[PDB]
């Protein structure tokens, strides 16, 4: 297991509005930056999609230290997903969980690695967490045209 340090952030101008994510990944001496934007999404979707894309890009199972700023994602990984699996990914109203498409992808991709999740304590991150924010905000501000096809209306 190679050691990868991953840093992620999502940003959205609006709720909903154009959004983006930023990812920095460091492996030994190397660094890779990744970002993308969407025309209409939410901050919460971009906060999930960042680690999803980072984790889905890894070619084989790794040991990872992944740092994000999102207490929404954290809540998911530490308590909601486990309950959701037992309830058929439905809420207590017996309807599908919000952003279920992304939560399922995150859960699936996370299972393949050994992950040490870290959450930026408001906000004394590493420089890389700044760099994510910059990349995310850049991509959201650049009049992105790509469609987030899992963002649902009223959402």
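Positions refer to the first chain, counted from 1.
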Checklist entry - Hey, which bit's got the bigger mean C-alpha B factor in the entry, 41 to 49 or 108 to 116? => result 108 to 116
Item to check | Residue range whose averaged C-alpha B-factor is higher in the record, 125 to 133 or 84 to 92 | outcome: 125 to 133
Checklist entry - In this PDB entry, which of 57, 65, 102, 97 has the top CA B-factor? => result 57
Checklist entry - According to the PDB entry, is the CA B factor of residue 17 in the bottom, middle or top third of its chain, that is, lowest, middle or highest? => result middle
Item to check | Within-chain third of residue 142 by Cα B-factor, per the entry | outcome: highest
